[PDB]
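First, one chain by itself in structure tokens, the form deposited in one PDB entry.
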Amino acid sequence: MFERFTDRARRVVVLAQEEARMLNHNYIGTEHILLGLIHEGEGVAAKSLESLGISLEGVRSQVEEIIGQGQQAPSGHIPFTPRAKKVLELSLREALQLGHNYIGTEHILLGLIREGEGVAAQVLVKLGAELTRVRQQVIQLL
């Protein structure tokens, strides 16, 4: 499925894994995908989140509260949670439906919003960003 990602979308999921590693987490969850969308910094997703006041620090602090730092450094490559896999599958479906041949950062964020139930979704709400508007603020930047 990675063959369909833009270079920057690829960067998002690489950074998501890096963030999971830094937190001593054993899975790449939707929350790590969220962190990766922010870390990527340049894409429509990063800009949408920045413009809705959703910060790397805000997300990190919520993840620390909800999940917490793990004790032991995990392996090099960390598997996705089932919910994160579902978000990536939905990201493809967003892009297809919108007539886009590639999956960009925008589509990963749209996919996350569409799944709408994982840790990332919970964090976004705790930080006062209703998921509906994230969709709005996104497709608008588009």
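Shifts are known only where both forms have a C-alpha. Just so we're on the same page, rigid core means the largest C-alpha set that superposes within 1.5 Å between forms. Residues carry their position along the shown sequence, with the first being 1.
Form deposited in another entry: not shown, discussed below.
Residue among 38, 113, 95, 59 with C-alpha shift of 2 Å or more between the shown form and the other one, core superposed: One residue passes the 2 Å cut-off, namely 59.
Just checking, between the shown form and the other one and with the core aligned, does residue 23 shift 2 Å or more at the CA? After core superposition, the C-alpha of residue 23 moves less than 2 Å between the shown form and the other one.
So, superposing on the core, is the move of residue 135 at the CA at least 2 angstroms between the shown form and the other one? Yes, its C-alpha moves 2 Å or more.
Once you overlay the rigid core, does the Cα of residue 124 travel 2 Å or further between the shown form and the other one? Yes; that C-alpha moves by at least 2 Å between the shown form and the other one.
I want to verify one pair: residue 56 and residue 20. Are their C-alpha atoms nearer or more distant in that other deposited form compared with the form I supplied, knowing the change is 3 Å or more? The answer is farther, because the C-alphas of residue 56 and residue 20 separate from each other in that other deposited form by 3 Å or more.
Thinking of the 3 angstroms or more shift, are the C-alphas of residue 113 and residue 125 brought closer or pushed farther apart in that other deposited form than in this view? So the answer is closer.
After superposing on the rigid core, which segments of 3 or more consecutive residues have every C-alpha shifted by 2 Å or more between the shown form and the other one? In sequence order, the runs that relocate between the shown form and the other one are 48-68, 122-142.
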